[PDB]
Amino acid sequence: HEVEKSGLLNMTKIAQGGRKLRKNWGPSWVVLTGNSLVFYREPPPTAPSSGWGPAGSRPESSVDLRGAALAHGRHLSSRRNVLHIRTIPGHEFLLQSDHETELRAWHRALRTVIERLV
């Protein structure tokens, strides 16, 4: 169960179990594994390229990527580089970076992960 990609992104929840939510954008240390996206309030104390950081570091949340859906976040945010993710329990969120190459890489990595879970 380990790390395909990790990085800081801006994130907001859009819906939880299909209930719409008021956006609340903010920075998150994001960790993509082969089956999940895990969100941390902040990045590791050190060795951030390792993804998880210390084992005692607790995540705020994570989602199951099996059968998740990806889409451009244009209709849900005015932020330039925005990706919308919807997972099968009906959680929806936006990921966003000020750097399009960063967000582009996340888009491609996330897709590949969902695809390997079919």
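Sequential numbering from 1, following the sequence displayed.
Enquirer: Return whichever of 33 to 41 and 47 to 55 has the greater mean Cα B factor according to the PDB record.
Expert: Taking the mean B-factor of the alpha carbons in each, 47 to 55 is higher.
Enquirer: Out of 56 to 64 and 84 to 92, which one has CA B-factors that are higher on average in the deposited record?
Expert: Comparing 56 to 64 with 84 to 92, the higher mean C-alpha B-factor belongs to 56 to 64.
Enquirer: Could you look up the Cα B-factor of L117 in the entry and say which third of the chain it sits in: lowest, middle or highest?
Expert: It falls in the top third of the chain.
Enquirer: Grab the CA temperature factor for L21 from the record and place it in the lowest, middle or highest third of its chain.
Expert: Top third by C-alpha B-factor.
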